[PDB]
């Protein structure tokens, strides 16, 4: 007596399928997983609850998991990130999906709850992005924990939470940290944001980047890509940081590194990338240039104090969906994107398919590892082996017409490594 799916408009499915066809041809990693494993069906018996942005890219991931034998039920991990034509295509394919663009907070929680119960029993695998599904099970459904073989987690904030859960004795299910595969963190977080930040800002505002001062809070993988994107279009980028190593990197790349207390007086565009609370506050907003654009690409909605704007502005003018222009008591305006929620996914289409093929090939590999080799994965947080990490990269080289060199026997002996790798030590930072 439960809904089979819930999406904005299943009639968008034909357009969705065209977008999926294009994406498949950009995602050789996922297509190789299908070629290699569609017959052997390694995920047979798996019942995967997924909580991850319901985008065209994610649809390709979902169909890969199903091709490999899994049953899947899906929700988005963000109220604005669903692409309704992708959700429609997945629903039309008979896969239970509960996701649409513009969910309320109540609807969001309800959608996750729809993914827990399958025909043959409760979920036995978690594929998570940000840990909401992980946390829901541990907090509200502890009786389901014993039946879950593994968790794979997509993003930096999610994995931070898993390590904290483990250190405090709260984690009860083995997890693979997908974020920190080399082929995820050094590609998705960096090159993905380098394209999708600007895409979000532009679709929302059509603002010129050239000539502006842009303030980027944080200089981790996300901040590095955001800063590079903005600099490339001729913004002058100012960085804030708490970590002296990341701060020194930023200075050595030619960026001014200062505090938000100083930078708020100069920025025309503000991007938060920190995964931390209380980055942009009332005292900052009051000092900003007129029509400063403020957005978050890090986590949830707490980097920016959106509550302060709602409480203190004279008026909030909605410009269009996910774009609000606040008029402050000082007579100046602030343009806030996506209510302070992820701007690339909320105001544009998130990362492009090619780089998401890296991240999602790691996801499929992690699901196969946890489902088929559980003995290798005790309760705790684990990485994929370097050999598989390398294999993700190798699967994407052909599409780019990259010609990789093979070591000669003489060179392999000289270096003391195998011809087929792995080629780097475990601590290598790339």
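Residue numbers count along the first chain shown, from 1. In this text, rigid core is short for the largest set of C-alphas that superpose within 1.5 Å between two forms.
Stretch comparison, 291-299 versus 304-312: after rigid core superposition, larger RMS CA deviation in 4 other deposited structures of this protein is found for 291-299. According to the PDB record, 156-164 carries the higher mean C-alpha B-factor of the two stretches 343-351 and 156-164.
The question of which stretch, 135-143 or 270-278, has the higher mean Cα B factor is settled in favour of 135-143.
The PDB entry assigns the greatest CA B-factor among 403, 32, 399, 53 to 32. Note on the listed residues 27, 43, 392, 366: the highest Cα temperature factor in the record is that of 43. Residue-level temperature factors show residue 36 in the highest third of its chain, judged at the C-alpha atom. Residue 106: CA B factor in the highest third of modelled residues in this chain (values from the PDB entry). Sorting the modelled residues of the chain by their CA temperature factor places residue 91 in the middle third.
In this PDB entry, the Cα temperature factor of residue 149 sits in the top third of its chain's modelled residues, the highest group. In the PDB entry, a CA B factor belonging to the middle third of its chain's modelled residues is recorded for residue 265.
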